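Peer 1: Input my_file_15.txt, format and content: compact mmCIF, C-alpha atoms.
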```txt
# COMPACT_ATOMS: atom_id res chain seq x y z
CA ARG A 13 1.99 7.62 49.66
CA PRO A 14 -1.70 7.10 48.85
CA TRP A 15 -4.17 9.88 49.53
CA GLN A 16 -5.82 10.20 52.94
CA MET A 17 -9.32 11.14 54.07
CA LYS A 18 -8.58 14.88 54.07
CA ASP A 19 -7.41 14.88 50.44
CA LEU A 20 -10.57 13.10 49.29
CA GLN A 21 -12.76 15.42 51.37
CA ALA A 22 -11.11 18.48 49.82
CA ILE A 23 -11.37 17.04 46.30
CA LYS A 24 -15.09 16.38 46.71
CA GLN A 25 -15.88 19.67 48.46
CA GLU A 26 -14.06 21.90 45.97
CA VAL A 27 -16.09 20.45 43.09
CA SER A 28 -19.43 19.89 44.82
CA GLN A 29 -21.27 22.48 42.71
CA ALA A 30 -19.79 21.67 39.30
CA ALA A 31 -21.09 18.82 37.15
CA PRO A 32 -19.16 15.68 36.16
CA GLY A 33 -16.92 16.39 33.21
CA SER A 34 -17.06 20.17 33.58
CA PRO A 35 -13.73 21.96 33.01
CA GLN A 36 -13.40 22.61 36.75
CA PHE A 37 -14.03 18.99 37.70
CA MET A 38 -11.66 17.85 34.97
CA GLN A 39 -8.95 20.20 36.22
CA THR A 40 -9.18 19.01 39.82
CA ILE A 41 -9.55 15.29 39.07
CA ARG A 42 -6.69 15.39 36.56
CA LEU A 43 -4.46 17.13 39.08
CA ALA A 44 -5.30 14.53 41.74
CA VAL A 45 -4.67 11.61 39.40
CA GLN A 46 -1.38 13.05 38.14
CA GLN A 47 -0.23 13.96 41.68
CA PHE A 48 -1.01 10.90 43.81
CA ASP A 49 -0.14 8.28 41.15
CA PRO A 50 -2.90 5.81 42.12
CA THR A 51 -3.71 2.37 40.75
CA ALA A 52 -7.10 1.19 39.49
CA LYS A 53 -8.33 0.21 42.96
CA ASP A 54 -7.88 3.70 44.38
CA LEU A 55 -9.48 5.23 41.29
CA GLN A 56 -12.54 3.02 41.79
CA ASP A 57 -12.71 4.13 45.43
CA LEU A 58 -12.50 7.78 44.35
CA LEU A 59 -15.26 7.38 41.77
CA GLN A 60 -17.53 5.65 44.28
CA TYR A 61 -16.98 8.54 46.69
CA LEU A 62 -17.58 11.27 44.11
CA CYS A 63 -20.48 10.30 41.84
CA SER A 64 -23.52 8.07 42.30
CA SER A 65 -24.08 4.57 40.97
CA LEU A 66 -25.56 5.91 37.72
CA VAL A 67 -22.52 8.03 36.84
CA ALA A 68 -20.32 5.18 38.04
CA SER A 69 -22.01 2.77 35.62
CA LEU A 70 -21.82 5.20 32.70
CA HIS A 71 -18.12 5.80 33.31
CA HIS A 72 -17.63 2.04 33.68
CA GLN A 73 -19.13 1.40 30.25
CA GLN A 74 -17.22 4.23 28.58
CA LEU A 75 -13.93 3.12 30.13
CA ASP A 76 -14.63 -0.45 29.08
CA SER A 77 -14.95 0.74 25.48
CA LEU A 78 -11.83 2.93 25.70
CA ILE A 79 -9.69 0.20 27.26
CA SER A 80 -11.19 -2.14 24.68
CA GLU A 81 -9.91 -0.13 21.73
CA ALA A 82 -6.61 0.77 23.40
CA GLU A 83 -5.49 -2.73 24.33
CA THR A 84 -7.05 -4.35 21.25
CA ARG A 85 -4.75 -2.16 19.17
CA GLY A 86 -1.79 -3.46 21.18
CA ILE A 87 0.18 -1.46 23.72
CA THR A 88 3.90 -1.36 24.42
CA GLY A 89 3.68 -2.68 27.98
CA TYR A 90 0.49 -4.77 27.81
CA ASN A 91 0.93 -8.55 27.72
CA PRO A 92 -2.53 -10.18 27.49
CA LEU A 93 -1.33 -13.54 28.85
CA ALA A 94 -1.10 -12.28 32.46
CA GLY A 95 -4.46 -10.63 33.16
CA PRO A 96 -6.80 -7.75 32.39
CA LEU A 97 -5.46 -4.22 32.32
CA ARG A 98 -7.34 -3.61 35.58
CA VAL A 99 -5.02 -6.15 37.25
CA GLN A 100 -1.75 -5.18 35.56
CA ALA A 101 -2.38 -1.57 36.57
CA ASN A 102 -2.53 -2.80 40.19
CA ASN A 103 1.02 -4.21 40.07
CA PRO A 104 3.48 -1.44 41.07
CA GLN A 105 6.05 -2.72 38.52
CA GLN A 106 3.91 -1.82 35.47
CA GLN A 107 3.84 1.97 35.64
CA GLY A 108 3.14 2.22 31.92
CA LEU A 109 -0.11 0.31 32.36
CA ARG A 110 -0.91 2.48 35.38
CA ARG A 111 -0.47 5.72 33.43
CA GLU A 112 -2.49 4.38 30.50
CA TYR A 113 -5.25 3.37 32.92
CA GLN A 114 -5.23 6.83 34.48
CA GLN A 115 -5.51 8.55 31.09
CA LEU A 116 -8.28 6.25 29.85
CA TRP A 117 -10.08 6.85 33.15
CA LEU A 118 -9.93 10.63 32.93
CA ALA A 119 -10.89 10.73 29.24
CA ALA A 120 -13.83 8.39 29.84
CA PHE A 121 -15.06 10.47 32.76
CA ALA A 122 -14.70 13.64 30.65
CA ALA A 123 -16.74 12.10 27.81
CA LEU A 124 -19.95 12.03 29.90
CA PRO A 125 -21.71 15.34 29.07
```
Once more with this new file: its structure as structure tokens, please.
Peer 2:
Amino acid sequence: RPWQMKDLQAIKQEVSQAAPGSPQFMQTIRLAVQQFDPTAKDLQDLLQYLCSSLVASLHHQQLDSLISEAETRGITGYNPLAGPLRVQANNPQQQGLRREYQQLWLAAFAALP
């Protein structure tokens, strides 16, 4: 049950005025992420739709650092012999990795301003 075009259109329109990482944007994006239960691929699509290449790159770097610390510590469900967290989160049998990816994503995007 992935999102459709209308959901993305509403998500972008409702937060057109606000700035990335504002409390309003964080509310709406967090609700979307917690409601649709998407993988990393869909999150990348959503970010490309919402913010430009500059904000995309900044979030990419911040999320790289956050994932770096998180999975360098060691995580309950992460096994580094199978692939990067971006790929484990895309397997529907690793929901723990998917939820960790979602939370790192939202925190990284909130850490912009």
Peer 1: Could you give me, as CSV, every region 46-86 of chain A residue with an atom at most 9 Å from region 17-26 of chain A, plus its closest atom pair and distance in Å to one decimal, counting all atoms listed in the file, rows ordered by chain then number?
Peer 2:
```
residue,atom,partner,partner_atom,distance
A:58,CA,A:20,CA,7.5
A:61,CA,A:24,CA,8.1
A:62,CA,A:24,CA,6.3
```
Peer 1: Give me, please, the distance in Å between CA of residue 74 (chain A) and CA of residue 13 (chain A), quoted to one decimal.
Peer 2: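 Those two atoms sit 28.7 Å apart.
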Peer 1: If we count only C-alpha atoms, what is near residue 48 (chain A) at a cut-off of 10 Å, once residues fewer than 5 positions away on the same chain are taken out, given as a VMD selection string?
Peer 2: chain A and resid 13 to 15 43 54
Peer 1: Using Å and a single decimal, report how far CA of residue 119 (chain A) sits from CA of residue 106 (chain A).
Peer 2: 20.4 Å
Peer 1: Of the residues A:110, A:115, A:105, A:122, which is the one nearest to residue 49 (chain A), using all atoms listed in the file?
Peer 2: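 Using all atoms listed in the file, the shortest distance to residue 49 (chain A) belongs to A:110.
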Peer 1: So what do you get for CA of residue 83 (chain A) versus CA of residue 64 (chain A), distance-wise?
Peer 2: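 One can read the CA of residue 83 (chain A) to CA of residue 64 (chain A) distance as 27.7 Å.
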Peer 1: Looking at all atoms listed in the file, which of A:86, A:36, A:75, A:55 is the one that sits closest to residue 123 (chain A)?
Peer 2: A:75
Peer 1: Tell me which of A:101, A:34, A:124, A:108 sits closest to residue 53 (chain A), counting only C-alpha atoms.
Peer 2: A:101
Peer 1: Mind completing region 52-78 of chain A with N, CA, C and O atoms? Output as a short mmCIF file (atom, residue, chain, number, x, y, z; two decimals), in the coordinates of the input, please?
Peer 2:
```
data_model
loop_
_atom_site.label_atom_id
_atom_site.label_comp_id
_atom_site.auth_asym_id
_atom_site.auth_seq_id
_atom_site.Cartn_x
_atom_site.Cartn_y
_atom_site.Cartn_z
N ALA A 52 -5.69 1.26 39.84
CA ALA A 52 -7.10 1.19 39.49
C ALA A 52 -7.98 1.10 40.73
O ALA A 52 -9.08 1.67 40.75
N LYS A 53 -7.53 0.39 41.76
CA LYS A 53 -8.33 0.21 42.96
C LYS A 53 -8.66 1.55 43.61
O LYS A 53 -9.81 1.83 43.96
N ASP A 54 -7.65 2.41 43.76
CA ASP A 54 -7.88 3.70 44.38
C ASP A 54 -8.76 4.58 43.51
O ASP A 54 -9.57 5.36 44.02
N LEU A 55 -8.61 4.47 42.19
CA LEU A 55 -9.48 5.23 41.29
C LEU A 55 -10.93 4.80 41.44
O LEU A 55 -11.84 5.64 41.46
N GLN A 56 -11.18 3.50 41.56
CA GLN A 56 -12.54 3.02 41.79
C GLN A 56 -13.09 3.57 43.11
O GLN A 56 -14.25 4.00 43.18
N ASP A 57 -12.27 3.55 44.16
CA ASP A 57 -12.71 4.13 45.43
C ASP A 57 -13.09 5.60 45.25
O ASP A 57 -14.13 6.05 45.74
N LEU A 58 -12.25 6.35 44.54
CA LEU A 58 -12.50 7.78 44.35
C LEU A 58 -13.80 8.00 43.59
O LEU A 58 -14.61 8.87 43.96
N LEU A 59 -14.03 7.22 42.54
CA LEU A 59 -15.26 7.38 41.77
C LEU A 59 -16.49 7.04 42.60
O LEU A 59 -17.51 7.73 42.53
N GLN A 60 -16.41 5.97 43.40
CA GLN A 60 -17.53 5.65 44.28
C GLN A 60 -17.82 6.80 45.24
O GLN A 60 -18.98 7.14 45.48
N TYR A 61 -16.77 7.41 45.79
CA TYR A 61 -16.98 8.54 46.69
C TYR A 61 -17.64 9.71 45.96
O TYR A 61 -18.53 10.37 46.51
N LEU A 62 -17.20 10.00 44.74
CA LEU A 62 -17.58 11.27 44.11
C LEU A 62 -18.99 11.22 43.52
O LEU A 62 -19.86 11.99 43.93
N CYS A 63 -19.23 10.32 42.57
CA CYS A 63 -20.48 10.30 41.84
C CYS A 63 -21.28 9.05 42.19
O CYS A 63 -20.75 8.05 42.69
N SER A 64 -22.58 9.11 41.89
CA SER A 64 -23.52 8.07 42.30
C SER A 64 -23.31 6.81 41.47
O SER A 64 -22.39 6.71 40.65
N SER A 65 -24.18 5.83 41.69
CA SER A 65 -24.08 4.57 40.97
C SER A 65 -24.37 4.74 39.48
O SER A 65 -23.81 4.01 38.65
N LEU A 66 -25.24 5.69 39.13
CA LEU A 66 -25.56 5.91 37.72
C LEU A 66 -24.34 6.43 36.96
O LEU A 66 -23.97 5.89 35.91
N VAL A 67 -23.71 7.49 37.48
CA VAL A 67 -22.52 8.03 36.84
C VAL A 67 -21.40 7.00 36.88
O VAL A 67 -20.60 6.89 35.94
N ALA A 68 -21.31 6.24 37.96
CA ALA A 68 -20.32 5.18 38.04
C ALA A 68 -20.51 4.17 36.92
O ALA A 68 -19.54 3.77 36.27
N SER A 69 -21.75 3.75 36.68
CA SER A 69 -22.01 2.77 35.62
C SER A 69 -21.71 3.35 34.25
O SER A 69 -21.13 2.66 33.39
N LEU A 70 -22.10 4.60 34.00
CA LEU A 70 -21.82 5.20 32.70
C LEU A 70 -20.32 5.30 32.45
O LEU A 70 -19.83 4.95 31.36
N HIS A 71 -19.56 5.76 33.45
CA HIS A 71 -18.12 5.80 33.31
C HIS A 71 -17.55 4.40 33.14
O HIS A 71 -16.58 4.21 32.40
N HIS A 72 -18.12 3.41 33.82
CA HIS A 72 -17.63 2.04 33.68
C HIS A 72 -17.77 1.57 32.24
O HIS A 72 -16.83 1.00 31.67
N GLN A 73 -18.93 1.82 31.63
CA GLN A 73 -19.13 1.40 30.25
C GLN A 73 -18.19 2.14 29.30
O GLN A 73 -17.55 1.54 28.43
N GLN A 74 -18.08 3.47 29.47
CA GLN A 74 -17.22 4.23 28.58
C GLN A 74 -15.77 3.79 28.70
O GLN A 74 -15.06 3.64 27.70
N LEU A 75 -15.30 3.57 29.93
CA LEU A 75 -13.93 3.12 30.13
C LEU A 75 -13.74 1.72 29.59
O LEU A 75 -12.65 1.39 29.10
N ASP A 76 -14.75 0.86 29.69
CA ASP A 76 -14.63 -0.45 29.08
C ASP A 76 -14.40 -0.33 27.58
O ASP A 76 -13.52 -0.98 27.03
N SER A 77 -15.16 0.55 26.92
CA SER A 77 -14.95 0.74 25.48
C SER A 77 -13.57 1.31 25.18
O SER A 77 -12.89 0.87 24.24
N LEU A 78 -13.13 2.30 25.97
CA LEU A 78 -11.83 2.93 25.70
C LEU A 78 -10.69 1.94 25.91
O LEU A 78 -9.79 1.84 25.06
#
```
